[PDB]
>>> print(open('start_35.pdb').read())   # PDB, C-alpha atoms
ATOM      1  CA  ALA B   1      62.589 110.206 104.861  1.00  0.00           C
ATOM      2  CA  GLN B   2      59.237 108.456 105.869  1.00  0.00           C
ATOM      3  CA  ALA B   3      61.730 106.013 107.316  1.00  0.00           C
ATOM      4  CA  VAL B   4      61.117 106.563 111.005  1.00  0.00           C
ATOM      5  CA  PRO B   5      58.338 103.983 111.226  1.00  0.00           C
ATOM      6  CA  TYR B   6      60.492 101.569 109.175  1.00  0.00           C
ATOM      7  CA  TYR B   7      63.359 101.763 111.564  1.00  0.00           C
ATOM      8  CA  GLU B   8      61.030 101.879 114.624  1.00  0.00           C
ATOM      9  CA  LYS B   9      59.244  98.684 113.706  1.00  0.00           C
ATOM     10  CA  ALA B  10      62.577  97.094 112.743  1.00  0.00           C
ATOM     11  CA  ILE B  11      64.007  97.857 116.196  1.00  0.00           C
ATOM     12  CA  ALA B  12      60.749  96.821 117.966  1.00  0.00           C
ATOM     13  CA  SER B  13      61.623  93.185 116.905  1.00  0.00           C
ATOM     14  CA  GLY B  14      64.425  90.700 117.621  1.00  0.00           C
ATOM     15  CA  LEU B  15      67.617  92.366 116.333  1.00  0.00           C
ATOM     16  CA  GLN B  16      71.394  92.018 116.958  1.00  0.00           C
ATOM     17  CA  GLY B  17      75.080  93.088 116.180  1.00  0.00           C
ATOM     18  CA  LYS B  18      75.283  94.801 112.758  1.00  0.00           C
ATOM     19  CA  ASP B  19      71.537  94.399 112.210  1.00  0.00           C
ATOM     20  CA  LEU B  20      70.265  96.551 115.107  1.00  0.00           C
ATOM     21  CA  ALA B  21      73.203  98.908 115.264  1.00  0.00           C
ATOM     22  CA  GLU B  22      72.395 100.011 111.742  1.00  0.00           C
ATOM     23  CA  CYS B  23      68.714 100.684 112.533  1.00  0.00           C
ATOM     24  CA  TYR B  24      69.619 102.919 115.468  1.00  0.00           C
ATOM     25  CA  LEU B  25      72.129 104.762 113.228  1.00  0.00           C
ATOM     26  CA  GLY B  26      69.510 104.781 110.484  1.00  0.00           C
ATOM     27  CA  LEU B  27      66.783 106.167 112.764  1.00  0.00           C
ATOM     28  CA  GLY B  28      69.173 108.708 114.297  1.00  0.00           C
ATOM     29  CA  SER B  29      70.293 110.076 110.977  1.00  0.00           C
ATOM     30  CA  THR B  30      66.704 110.248 109.759  1.00  0.00           C
ATOM     31  CA  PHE B  31      65.697 112.213 112.823  1.00  0.00           C
ATOM     32  CA  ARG B  32      68.743 114.471 112.513  1.00  0.00           C
ATOM     33  CA  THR B  33      68.097 115.175 108.851  1.00  0.00           C
ATOM     34  CA  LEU B  34      64.465 115.768 109.744  1.00  0.00           C
ATOM     35  CA  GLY B  35      65.682 118.553 112.092  1.00  0.00           C
ATOM     36  CA  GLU B  36      64.656 116.539 115.169  1.00  0.00           C
ATOM     37  CA  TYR B  37      68.022 116.846 116.844  1.00  0.00           C
ATOM     38  CA  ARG B  38      66.850 115.923 120.367  1.00  0.00           C
ATOM     39  CA  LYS B  39      65.085 112.849 119.026  1.00  0.00           C
ATOM     40  CA  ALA B  40      68.259 112.038 116.993  1.00  0.00           C
ATOM     41  CA  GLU B  41      70.406 112.458 120.079  1.00  0.00           C
ATOM     42  CA  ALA B  42      68.268 110.095 122.184  1.00  0.00           C
ATOM     43  CA  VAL B  43      68.334 107.357 119.547  1.00  0.00           C
ATOM     44  CA  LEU B  44      72.043 107.638 118.749  1.00  0.00           C
ATOM     45  CA  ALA B  45      73.114 107.860 122.431  1.00  0.00           C
ATOM     46  CA  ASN B  46      71.226 104.577 122.814  1.00  0.00           C
ATOM     47  CA  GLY B  47      73.128 103.012 119.945  1.00  0.00           C
ATOM     48  CA  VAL B  48      76.504 104.146 121.262  1.00  0.00           C
ATOM     49  CA  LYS B  49      75.485 102.859 124.694  1.00  0.00           C
ATOM     50  CA  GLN B  50      74.576  99.443 123.230  1.00  0.00           C
ATOM     51  CA  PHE B  51      77.295  99.110 120.609  1.00  0.00           C
ATOM     52  CA  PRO B  52      80.198 101.072 122.119  1.00  0.00           C
ATOM     53  CA  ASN B  53      82.622  99.706 119.466  1.00  0.00           C
ATOM     54  CA  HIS B  54      80.530 100.842 116.454  1.00  0.00           C
ATOM     55  CA  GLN B  55      82.440 103.887 115.179  1.00  0.00           C
ATOM     56  CA  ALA B  56      79.930 105.021 112.578  1.00  0.00           C
ATOM     57  CA  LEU B  57      77.350 105.565 115.341  1.00  0.00           C
ATOM     58  CA  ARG B  58      79.838 107.766 117.191  1.00  0.00           C
ATOM     59  CA  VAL B  59      80.417 109.803 114.000  1.00  0.00           C
ATOM     60  CA  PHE B  60      76.660 110.347 113.640  1.00  0.00           C
ATOM     61  CA  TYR B  61      76.257 111.192 117.345  1.00  0.00           C
ATOM     62  CA  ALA B  62      79.022 113.771 116.744  1.00  0.00           C
ATOM     63  CA  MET B  63      76.967 115.276 113.872  1.00  0.00           C
ATOM     64  CA  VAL B  64      73.982 115.637 116.202  1.00  0.00           C
ATOM     65  CA  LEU B  65      76.065 117.096 118.971  1.00  0.00           C
ATOM     66  CA  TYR B  66      77.044 119.764 116.404  1.00  0.00           C
ATOM     67  CA  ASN B  67      73.413 120.496 115.527  1.00  0.00           C
ATOM     68  CA  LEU B  68      72.563 120.790 119.238  1.00  0.00           C
ATOM     69  CA  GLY B  69      75.425 123.283 119.661  1.00  0.00           C
ATOM     70  CA  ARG B  70      77.481 120.952 121.875  1.00  0.00           C
ATOM     71  CA  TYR B  71      80.485 121.768 119.797  1.00  0.00           C
ATOM     72  CA  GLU B  72      83.144 120.874 122.247  1.00  0.00           C
ATOM     73  CA  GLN B  73      81.743 117.413 122.845  1.00  0.00           C
ATOM     74  CA  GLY B  74      81.290 116.790 119.150  1.00  0.00           C
ATOM     75  CA  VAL B  75      84.801 117.870 118.169  1.00  0.00           C
ATOM     76  CA  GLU B  76      86.185 115.831 121.091  1.00  0.00           C
ATOM     77  CA  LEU B  77      84.441 112.784 119.809  1.00  0.00           C
ATOM     78  CA  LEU B  78      85.553 113.230 116.213  1.00  0.00           C
ATOM     79  CA  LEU B  79      89.151 113.724 117.306  1.00  0.00           C
ATOM     80  CA  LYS B  80      88.933 110.594 119.456  1.00  0.00           C
ATOM     81  CA  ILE B  81      87.546 108.644 116.455  1.00  0.00           C
ATOM     82  CA  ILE B  82      90.362 109.899 114.174  1.00  0.00           C
ATOM     83  CA  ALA B  83      92.998 109.042 116.799  1.00  0.00           C
ATOM     84  CA  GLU B  84      91.583 105.592 117.380  1.00  0.00           C
ATOM     85  CA  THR B  85      90.903 104.565 113.713  1.00  0.00           C
ATOM     86  CA  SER B  86      93.065 106.523 111.212  1.00  0.00           C
ATOM     87  CA  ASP B  87      95.312 104.732 108.667  1.00  0.00           C
ATOM     88  CA  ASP B  88      97.432 107.793 108.092  1.00  0.00           C
ATOM     89  CA  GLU B  89     101.086 107.606 109.279  1.00  0.00           C
ATOM     90  CA  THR B  90     101.123 111.331 110.176  1.00  0.00           C
ATOM     91  CA  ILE B  91      97.956 111.058 112.341  1.00  0.00           C
ATOM     92  CA  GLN B  92      99.241 107.972 114.128  1.00  0.00           C
ATOM     93  CA  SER B  93     102.515 109.871 114.805  1.00  0.00           C
ATOM     94  CA  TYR B  94     100.410 112.523 116.637  1.00  0.00           C
ATOM     95  CA  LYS B  95      97.859 110.090 118.120  1.00  0.00           C
ATOM     96  CA  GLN B  96      98.808 110.831 121.717  1.00  0.00           C
ATOM     97  CA  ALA B  97      98.730 114.579 121.116  1.00  0.00           C
ATOM     98  CA  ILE B  98      95.296 114.343 119.478  1.00  0.00           C
ATOM     99  CA  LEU B  99      93.870 112.199 122.265  1.00  0.00           C
ATOM    100  CA  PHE B 100      95.368 114.594 124.789  1.00  0.00           C
ATOM    101  CA  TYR B 101      94.082 117.819 123.301  1.00  0.00           C
ATOM    102  CA  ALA B 102      90.588 116.302 122.584  1.00  0.00           C
ATOM    103  CA  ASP B 103      89.014 117.011 126.001  1.00  0.00           C
ATOM    104  CA  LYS B 104      91.115 120.119 126.621  1.00  0.00           C
ATOM    105  CA  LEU B 105      90.571 122.210 123.457  1.00  0.00           C
ATOM    106  CA  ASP B 106      89.646 125.371 125.426  1.00  0.00           C
ATOM    107  CA  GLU B 107      92.819 125.137 127.570  1.00  0.00           C
ATOM    108  CA  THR B 108      95.980 127.210 127.056  1.00  0.00           C
ATOM    109  CA  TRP B 109      99.543 127.454 128.588  1.00  0.00           C
ATOM    110  CA  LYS B 110     100.744 130.571 130.615  1.00  0.00           C
TER     111      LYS B 110
ATOM    112  CA  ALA C   1     106.117 126.384 125.059  1.00  0.00           C
ATOM    113  CA  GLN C   2     109.072 128.845 124.336  1.00  0.00           C
ATOM    114  CA  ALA C   3     109.044 126.867 121.117  1.00  0.00           C
ATOM    115  CA  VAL C   4     107.860 129.539 118.719  1.00  0.00           C
ATOM    116  CA  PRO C   5     111.353 130.839 117.985  1.00  0.00           C
ATOM    117  CA  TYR C   6     112.562 127.222 117.619  1.00  0.00           C
ATOM    118  CA  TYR C   7     110.034 126.420 114.986  1.00  0.00           C
ATOM    119  CA  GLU C   8     110.361 129.895 113.365  1.00  0.00           C
ATOM    120  CA  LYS C   9     114.092 129.601 112.885  1.00  0.00           C
ATOM    121  CA  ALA C  10     113.666 125.980 111.759  1.00  0.00           C
ATOM    122  CA  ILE C  11     111.213 127.051 109.041  1.00  0.00           C
ATOM    123  CA  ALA C  12     113.342 130.113 108.083  1.00  0.00           C
ATOM    124  CA  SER C  13     115.914 127.567 106.666  1.00  0.00           C
ATOM    125  CA  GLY C  14     115.963 124.942 103.902  1.00  0.00           C
ATOM    126  CA  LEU C  15     113.248 122.419 104.846  1.00  0.00           C
ATOM    127  CA  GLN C  16     111.141 119.772 103.020  1.00  0.00           C
ATOM    128  CA  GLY C  17     108.438 116.939 103.092  1.00  0.00           C
ATOM    129  CA  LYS C  18     108.063 115.536 106.638  1.00  0.00           C
ATOM    130  CA  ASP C  19     110.697 117.932 107.986  1.00  0.00           C
ATOM    131  CA  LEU C  20     108.920 121.247 107.280  1.00  0.00           C
ATOM    132  CA  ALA C  21     105.390 119.951 107.548  1.00  0.00           C
ATOM    133  CA  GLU C  22     106.090 119.042 111.148  1.00  0.00           C
ATOM    134  CA  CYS C  23     107.465 122.503 112.014  1.00  0.00           C
ATOM    135  CA  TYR C  24     104.357 124.218 110.663  1.00  0.00           C
ATOM    136  CA  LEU C  25     102.192 121.758 112.655  1.00  0.00           C
ATOM    137  CA  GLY C  26     104.523 122.255 115.606  1.00  0.00           C
ATOM    138  CA  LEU C  27     104.354 126.061 115.408  1.00  0.00           C
ATOM    139  CA  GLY C  28     100.584 125.997 114.868  1.00  0.00           C
ATOM    140  CA  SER C  29      99.909 123.831 117.868  1.00  0.00           C
ATOM    141  CA  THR C  30     102.221 125.949 120.003  1.00  0.00           C
ATOM    142  CA  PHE C  31     100.382 129.087 118.986  1.00  0.00           C
ATOM    143  CA  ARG C  32      97.006 127.419 119.532  1.00  0.00           C
ATOM    144  CA  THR C  33      97.958 126.167 122.975  1.00  0.00           C
ATOM    145  CA  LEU C  34      99.334 129.619 123.703  1.00  0.00           C
ATOM    146  CA  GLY C  35      95.808 130.975 123.015  1.00  0.00           C
ATOM    147  CA  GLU C  36      96.992 132.706 119.824  1.00  0.00           C
ATOM    148  CA  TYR C  37      94.307 131.178 117.660  1.00  0.00           C
ATOM    149  CA  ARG C  38      94.613 133.654 114.760  1.00  0.00           C
ATOM    150  CA  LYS C  39      98.369 133.158 114.669  1.00  0.00           C
ATOM    151  CA  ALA C  40      97.769 129.353 114.853  1.00  0.00           C
ATOM    152  CA  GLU C  41      95.273 129.559 112.017  1.00  0.00           C
ATOM    153  CA  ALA C  42      97.659 131.478 109.734  1.00  0.00           C
ATOM    154  CA  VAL C  43     100.497 129.008 110.283  1.00  0.00           C
ATOM    155  CA  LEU C  44      98.385 125.863 109.934  1.00  0.00           C
ATOM    156  CA  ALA C  45      96.479 127.137 106.851  1.00  0.00           C
ATOM    157  CA  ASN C  46      99.942 127.598 105.337  1.00  0.00           C
ATOM    158  CA  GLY C  47     100.901 124.032 106.148  1.00  0.00           C
ATOM    159  CA  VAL C  48      97.692 122.598 104.711  1.00  0.00           C
ATOM    160  CA  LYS C  49      98.213 124.778 101.637  1.00  0.00           C
ATOM    161  CA  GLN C  50     101.772 123.443 101.197  1.00  0.00           C
ATOM    162  CA  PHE C  51     101.250 119.835 102.238  1.00  0.00           C
ATOM    163  CA  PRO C  52      97.629 119.162 101.245  1.00  0.00           C
ATOM    164  CA  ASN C  53      98.070 115.389 101.837  1.00  0.00           C
ATOM    165  CA  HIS C  54      99.332 115.742 105.446  1.00  0.00           C
ATOM    166  CA  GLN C  55      96.309 114.692 107.521  1.00  0.00           C
ATOM    167  CA  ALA C  56      97.689 115.585 110.935  1.00  0.00           C
ATOM    168  CA  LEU C  57      97.927 119.240 109.855  1.00  0.00           C
ATOM    169  CA  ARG C  58      94.261 119.152 108.852  1.00  0.00           C
ATOM    170  CA  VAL C  59      93.351 117.707 112.280  1.00  0.00           C
ATOM    171  CA  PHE C  60      95.219 120.554 114.000  1.00  0.00           C
ATOM    172  CA  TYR C  61      93.685 123.180 111.686  1.00  0.00           C
ATOM    173  CA  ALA C  62      90.317 121.683 112.721  1.00  0.00           C
ATOM    174  CA  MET C  63      91.235 122.217 116.411  1.00  0.00           C
ATOM    175  CA  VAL C  64      91.977 125.877 115.693  1.00  0.00           C
ATOM    176  CA  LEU C  65      88.828 126.331 113.691  1.00  0.00           C
ATOM    177  CA  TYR C  66      87.020 125.149 116.853  1.00  0.00           C
ATOM    178  CA  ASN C  67      88.828 127.685 119.040  1.00  0.00           C
ATOM    179  CA  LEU C  68      87.969 130.456 116.558  1.00  0.00           C
ATOM    180  CA  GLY C  69      84.299 129.413 116.717  1.00  0.00           C
ATOM    181  CA  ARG C  70      84.206 128.224 113.091  1.00  0.00           C
ATOM    182  CA  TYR C  71      82.484 125.108 114.247  1.00  0.00           C
ATOM    183  CA  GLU C  72      80.882 124.108 111.038  1.00  0.00           C
ATOM    184  CA  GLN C  73      84.132 124.253 109.110  1.00  0.00           C
ATOM    185  CA  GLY C  74      85.989 122.359 111.796  1.00  0.00           C
ATOM    186  CA  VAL C  75      83.441 119.552 112.085  1.00  0.00           C
ATOM    187  CA  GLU C  76      83.299 119.362 108.270  1.00  0.00           C
ATOM    188  CA  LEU C  77      87.005 118.892 108.142  1.00  0.00           C
ATOM    189  CA  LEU C  78      87.117 116.250 110.857  1.00  0.00           C
ATOM    190  CA  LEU C  79      84.333 114.297 109.180  1.00  0.00           C
ATOM    191  CA  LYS C  80      86.178 114.510 105.860  1.00  0.00           C
ATOM    192  CA  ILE C  81      89.368 113.225 107.564  1.00  0.00           C
ATOM    193  CA  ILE C  82      87.484 110.300 109.176  1.00  0.00           C
ATOM    194  CA  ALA C  83      85.814 109.425 105.856  1.00  0.00           C
ATOM    195  CA  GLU C  84      89.070 109.574 103.952  1.00  0.00           C
ATOM    196  CA  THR C  85      91.354 107.724 106.466  1.00  0.00           C
ATOM    197  CA  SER C  86      89.382 105.426 108.831  1.00  0.00           C
ATOM    198  CA  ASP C  87      90.215 101.693 109.161  1.00  0.00           C
ATOM    199  CA  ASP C  88      86.846 100.872 110.634  1.00  0.00           C
ATOM    200  CA  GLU C  89      84.518  98.682 108.495  1.00  0.00           C
ATOM    201  CA  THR C  90      81.400 100.480 109.811  1.00  0.00           C
ATOM    202  CA  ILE C  91      82.778 103.962 108.932  1.00  0.00           C
ATOM    203  CA  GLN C  92      83.832 102.854 105.464  1.00  0.00           C
ATOM    204  CA  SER C  93      80.297 101.423 104.975  1.00  0.00           C
ATOM    205  CA  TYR C  94      78.946 104.968 105.627  1.00  0.00           C
ATOM    206  CA  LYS C  95      81.812 106.837 103.918  1.00  0.00           C
ATOM    207  CA  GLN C  96      79.610 108.342 101.222  1.00  0.00           C
ATOM    208  CA  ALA C  97      76.997 109.419 103.757  1.00  0.00           C
ATOM    209  CA  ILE C  98      79.656 111.045 105.952  1.00  0.00           C
ATOM    210  CA  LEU C  99      81.258 112.875 103.039  1.00  0.00           C
ATOM    211  CA  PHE C 100      77.811 113.974 101.916  1.00  0.00           C
ATOM    212  CA  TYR C 101      76.562 115.295 105.226  1.00  0.00           C
ATOM    213  CA  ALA C 102      79.947 117.008 106.022  1.00  0.00           C
ATOM    214  CA  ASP C 103      79.280 120.317 104.215  1.00  0.00           C
ATOM    215  CA  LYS C 104      75.523 120.178 104.786  1.00  0.00           C
ATOM    216  CA  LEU C 105      75.214 119.617 108.563  1.00  0.00           C
ATOM    217  CA  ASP C 106      72.754 122.526 109.027  1.00  0.00           C
ATOM    218  CA  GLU C 107      70.448 121.205 106.260  1.00  0.00           C
ATOM    219  CA  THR C 108      67.208 119.274 106.830  1.00  0.00           C
ATOM    220  CA  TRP C 109      64.501 117.496 104.684  1.00  0.00           C
ATOM    221  CA  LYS C 110      60.829 118.809 104.433  1.00  0.00           C
TER     222      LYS C 110
END
>>> encode(input="start_35.pdb", output="structure tokens")
Amino acid sequence: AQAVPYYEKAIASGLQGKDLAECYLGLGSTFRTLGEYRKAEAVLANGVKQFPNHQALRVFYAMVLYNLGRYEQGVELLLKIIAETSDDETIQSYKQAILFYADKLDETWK
Amino acid sequence: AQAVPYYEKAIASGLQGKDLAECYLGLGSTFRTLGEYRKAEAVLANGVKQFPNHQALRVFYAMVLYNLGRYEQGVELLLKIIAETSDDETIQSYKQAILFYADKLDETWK
């Protein structure tokens, strides 16, 4: 994508709720798919910071975290997203378990 | 958990839909939390094989995949679960993107 300038300019301009959120996500993804994982991380962190309730941005941040090799943090985040937003009866039955294990994946009982 | 025998015996006995699914998940988690990731993987693979529509089991398989260091496969699976089951408007707007990037996370454009 030659889309970085598009999204840059778009952001460098009055922009709000959906509108701006989507340009951060857009830019982030473009950077990530360009292989510019650090640049992607900066942009997407900024989006999550500004639109903490925008789940798609968290999903994309997770994808970056993967590419950067921050596996634990990425899996944590995807599990938290699943727990907080899943339709599925079975997942909601285990919601508390999922949320609990999410920041403790490396832990084990004796 | 001293729960392995509980779940073993339970499974080694007539058992169906919810009933059995939950014992596989149960056993798997117990094994995983015990640090017996290979044992956890076997059990949970079996559950996903038998109850392919049971999303919780896929989440737990993902957690194991993480512990085994099969990060790509685990993140793929969590992204597929999010894409297939999320309430959130924003995530459903990007559903196709998420599903697309899920088995291609290491790829980049030139």
>>> calpha_fit_and_write(input="start_35.pdb", fixed="chain B", moving="chain C", output="PDB file with C-alpha atoms, in the frame of the given file")
ATOM      1  CA  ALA C   1      62.589 110.206 104.861  1.00  0.00           C
ATOM      2  CA  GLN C   2      59.237 108.456 105.869  1.00  0.00           C
ATOM      3  CA  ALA C   3      61.730 106.013 107.316  1.00  0.00           C
ATOM      4  CA  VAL C   4      61.117 106.563 111.006  1.00  0.00           C
ATOM      5  CA  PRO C   5      58.338 103.983 111.226  1.00  0.00           C
ATOM      6  CA  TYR C   6      60.493 101.569 109.175  1.00  0.00           C
ATOM      7  CA  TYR C   7      63.360 101.762 111.564  1.00  0.00           C
ATOM      8  CA  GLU C   8      61.030 101.879 114.625  1.00  0.00           C
ATOM      9  CA  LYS C   9      59.245  98.684 113.706  1.00  0.00           C
ATOM     10  CA  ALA C  10      62.577  97.094 112.743  1.00  0.00           C
ATOM     11  CA  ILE C  11      64.007  97.857 116.196  1.00  0.00           C
ATOM     12  CA  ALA C  12      60.748  96.820 117.966  1.00  0.00           C
ATOM     13  CA  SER C  13      61.623  93.185 116.905  1.00  0.00           C
ATOM     14  CA  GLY C  14      64.424  90.700 117.621  1.00  0.00           C
ATOM     15  CA  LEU C  15      67.617  92.366 116.333  1.00  0.00           C
ATOM     16  CA  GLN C  16      71.394  92.018 116.958  1.00  0.00           C
ATOM     17  CA  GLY C  17      75.080  93.089 116.180  1.00  0.00           C
ATOM     18  CA  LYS C  18      75.283  94.801 112.758  1.00  0.00           C
ATOM     19  CA  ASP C  19      71.536  94.399 112.210  1.00  0.00           C
ATOM     20  CA  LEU C  20      70.265  96.551 115.107  1.00  0.00           C
ATOM     21  CA  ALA C  21      73.204  98.907 115.264  1.00  0.00           C
ATOM     22  CA  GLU C  22      72.395 100.012 111.742  1.00  0.00           C
ATOM     23  CA  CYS C  23      68.715 100.684 112.533  1.00  0.00           C
ATOM     24  CA  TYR C  24      69.620 102.919 115.468  1.00  0.00           C
ATOM     25  CA  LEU C  25      72.129 104.762 113.228  1.00  0.00           C
ATOM     26  CA  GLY C  26      69.510 104.781 110.485  1.00  0.00           C
ATOM     27  CA  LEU C  27      66.783 106.168 112.764  1.00  0.00           C
ATOM     28  CA  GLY C  28      69.173 108.708 114.297  1.00  0.00           C
ATOM     29  CA  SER C  29      70.292 110.076 110.977  1.00  0.00           C
ATOM     30  CA  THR C  30      66.704 110.248 109.760  1.00  0.00           C
ATOM     31  CA  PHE C  31      65.696 112.214 112.823  1.00  0.00           C
ATOM     32  CA  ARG C  32      68.744 114.471 112.513  1.00  0.00           C
ATOM     33  CA  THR C  33      68.097 115.176 108.851  1.00  0.00           C
ATOM     34  CA  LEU C  34      64.465 115.769 109.744  1.00  0.00           C
ATOM     35  CA  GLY C  35      65.683 118.553 112.092  1.00  0.00           C
ATOM     36  CA  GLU C  36      64.656 116.538 115.169  1.00  0.00           C
ATOM     37  CA  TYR C  37      68.022 116.846 116.844  1.00  0.00           C
ATOM     38  CA  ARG C  38      66.850 115.923 120.367  1.00  0.00           C
ATOM     39  CA  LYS C  39      65.085 112.849 119.026  1.00  0.00           C
ATOM     40  CA  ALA C  40      68.259 112.038 116.992  1.00  0.00           C
ATOM     41  CA  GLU C  41      70.406 112.458 120.079  1.00  0.00           C
ATOM     42  CA  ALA C  42      68.267 110.095 122.184  1.00  0.00           C
ATOM     43  CA  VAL C  43      68.334 107.357 119.547  1.00  0.00           C
ATOM     44  CA  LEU C  44      72.043 107.638 118.748  1.00  0.00           C
ATOM     45  CA  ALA C  45      73.114 107.860 122.431  1.00  0.00           C
ATOM     46  CA  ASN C  46      71.226 104.577 122.813  1.00  0.00           C
ATOM     47  CA  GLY C  47      73.128 103.012 119.945  1.00  0.00           C
ATOM     48  CA  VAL C  48      76.504 104.146 121.262  1.00  0.00           C
ATOM     49  CA  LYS C  49      75.485 102.859 124.694  1.00  0.00           C
ATOM     50  CA  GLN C  50      74.576  99.443 123.230  1.00  0.00           C
ATOM     51  CA  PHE C  51      77.295  99.110 120.609  1.00  0.00           C
ATOM     52  CA  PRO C  52      80.197 101.072 122.119  1.00  0.00           C
ATOM     53  CA  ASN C  53      82.622  99.706 119.466  1.00  0.00           C
ATOM     54  CA  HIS C  54      80.530 100.842 116.455  1.00  0.00           C
ATOM     55  CA  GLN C  55      82.440 103.887 115.179  1.00  0.00           C
ATOM     56  CA  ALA C  56      79.930 105.021 112.578  1.00  0.00           C
ATOM     57  CA  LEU C  57      77.350 105.565 115.341  1.00  0.00           C
ATOM     58  CA  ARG C  58      79.839 107.765 117.191  1.00  0.00           C
ATOM     59  CA  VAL C  59      80.418 109.804 114.001  1.00  0.00           C
ATOM     60  CA  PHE C  60      76.659 110.347 113.640  1.00  0.00           C
ATOM     61  CA  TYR C  61      76.258 111.192 117.345  1.00  0.00           C
ATOM     62  CA  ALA C  62      79.022 113.770 116.744  1.00  0.00           C
ATOM     63  CA  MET C  63      76.966 115.277 113.872  1.00  0.00           C
ATOM     64  CA  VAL C  64      73.982 115.637 116.201  1.00  0.00           C
ATOM     65  CA  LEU C  65      76.065 117.096 118.970  1.00  0.00           C
ATOM     66  CA  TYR C  66      77.044 119.764 116.404  1.00  0.00           C
ATOM     67  CA  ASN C  67      73.414 120.496 115.527  1.00  0.00           C
ATOM     68  CA  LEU C  68      72.564 120.790 119.238  1.00  0.00           C
ATOM     69  CA  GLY C  69      75.425 123.283 119.660  1.00  0.00           C
ATOM     70  CA  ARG C  70      77.481 120.951 121.875  1.00  0.00           C
ATOM     71  CA  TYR C  71      80.486 121.767 119.797  1.00  0.00           C
ATOM     72  CA  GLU C  72      83.143 120.874 122.247  1.00  0.00           C
ATOM     73  CA  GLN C  73      81.743 117.413 122.845  1.00  0.00           C
ATOM     74  CA  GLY C  74      81.290 116.789 119.150  1.00  0.00           C
ATOM     75  CA  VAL C  75      84.800 117.870 118.169  1.00  0.00           C
ATOM     76  CA  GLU C  76      86.185 115.831 121.090  1.00  0.00           C
ATOM     77  CA  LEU C  77      84.441 112.784 119.809  1.00  0.00           C
ATOM     78  CA  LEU C  78      85.554 113.230 116.213  1.00  0.00           C
ATOM     79  CA  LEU C  79      89.150 113.725 117.306  1.00  0.00           C
ATOM     80  CA  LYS C  80      88.932 110.594 119.456  1.00  0.00           C
ATOM     81  CA  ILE C  81      87.547 108.644 116.455  1.00  0.00           C
ATOM     82  CA  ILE C  82      90.362 109.900 114.174  1.00  0.00           C
ATOM     83  CA  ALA C  83      92.997 109.043 116.800  1.00  0.00           C
ATOM     84  CA  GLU C  84      91.583 105.591 117.380  1.00  0.00           C
ATOM     85  CA  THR C  85      90.903 104.566 113.713  1.00  0.00           C
ATOM     86  CA  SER C  86      93.064 106.524 111.212  1.00  0.00           C
ATOM     87  CA  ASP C  87      95.312 104.732 108.667  1.00  0.00           C
ATOM     88  CA  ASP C  88      97.432 107.793 108.092  1.00  0.00           C
ATOM     89  CA  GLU C  89     101.086 107.606 109.278  1.00  0.00           C
ATOM     90  CA  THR C  90     101.123 111.331 110.176  1.00  0.00           C
ATOM     91  CA  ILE C  91      97.956 111.058 112.342  1.00  0.00           C
ATOM     92  CA  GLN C  92      99.241 107.972 114.128  1.00  0.00           C
ATOM     93  CA  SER C  93     102.515 109.871 114.805  1.00  0.00           C
ATOM     94  CA  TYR C  94     100.410 112.523 116.637  1.00  0.00           C
ATOM     95  CA  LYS C  95      97.858 110.091 118.120  1.00  0.00           C
ATOM     96  CA  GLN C  96      98.808 110.831 121.716  1.00  0.00           C
ATOM     97  CA  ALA C  97      98.730 114.579 121.116  1.00  0.00           C
ATOM     98  CA  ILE C  98      95.296 114.343 119.478  1.00  0.00           C
ATOM     99  CA  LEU C  99      93.869 112.199 122.265  1.00  0.00           C
ATOM    100  CA  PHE C 100      95.368 114.594 124.789  1.00  0.00           C
ATOM    101  CA  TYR C 101      94.082 117.818 123.301  1.00  0.00           C
ATOM    102  CA  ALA C 102      90.588 116.301 122.583  1.00  0.00           C
ATOM    103  CA  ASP C 103      89.014 117.010 126.001  1.00  0.00           C
ATOM    104  CA  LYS C 104      91.115 120.119 126.621  1.00  0.00           C
ATOM    105  CA  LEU C 105      90.571 122.209 123.457  1.00  0.00           C
ATOM    106  CA  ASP C 106      89.646 125.371 125.426  1.00  0.00           C
ATOM    107  CA  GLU C 107      92.819 125.137 127.570  1.00  0.00           C
ATOM    108  CA  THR C 108      95.980 127.209 127.057  1.00  0.00           C
ATOM    109  CA  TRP C 109      99.543 127.453 128.588  1.00  0.00           C
ATOM    110  CA  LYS C 110     100.744 130.571 130.615  1.00  0.00           C
TER     111      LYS C 110
END
>>> interface_residues(input="start_35.pdb", of="chain C", to="chain B", cutoff="6 Å", atoms="all atoms listed in the file", output="PDB file with C-alpha atoms, in the coordinates of the input")
ATOM      1  CA  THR C  33      97.958 126.167 122.975  1.00  0.00           C
ATOM      2  CA  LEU C  34      99.334 129.619 123.703  1.00  0.00           C
ATOM      3  CA  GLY C  35      95.808 130.975 123.015  1.00  0.00           C
ATOM      4  CA  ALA C  56      97.689 115.585 110.935  1.00  0.00           C
ATOM      5  CA  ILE C  82      87.484 110.300 109.176  1.00  0.00           C
ATOM      6  CA  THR C  85      91.354 107.724 106.466  1.00  0.00           C
ATOM      7  CA  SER C  86      89.382 105.426 108.831  1.00  0.00           C
ATOM      8  CA  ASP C  87      90.215 101.693 109.161  1.00  0.00           C
ATOM      9  CA  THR C  90      81.400 100.480 109.811  1.00  0.00           C
ATOM     10  CA  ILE C  91      82.778 103.962 108.932  1.00  0.00           C
ATOM     11  CA  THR C 108      67.208 119.274 106.830  1.00  0.00           C
ATOM     12  CA  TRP C 109      64.501 117.496 104.684  1.00  0.00           C
TER      13      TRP C 109
END
>>> residues_around(input="start_35.pdb", residues="residue 47 of chain C", least_positions_apart="2", cutoff="8 Å", atoms="all atoms listed in the file", output="list in words")
residues 21, 24, 25, 43, 44, 45, 49, 50, 51, 52 and 57 of chain C
>>> residues_around(input="start_35.pdb", residues="residue 9 of chain C", least_positions_apart="3", cutoff="12 Å", atoms="only C-alpha atoms", output="ChimeraX atom specification")
/C:3-6,12-15,20,23-24,27
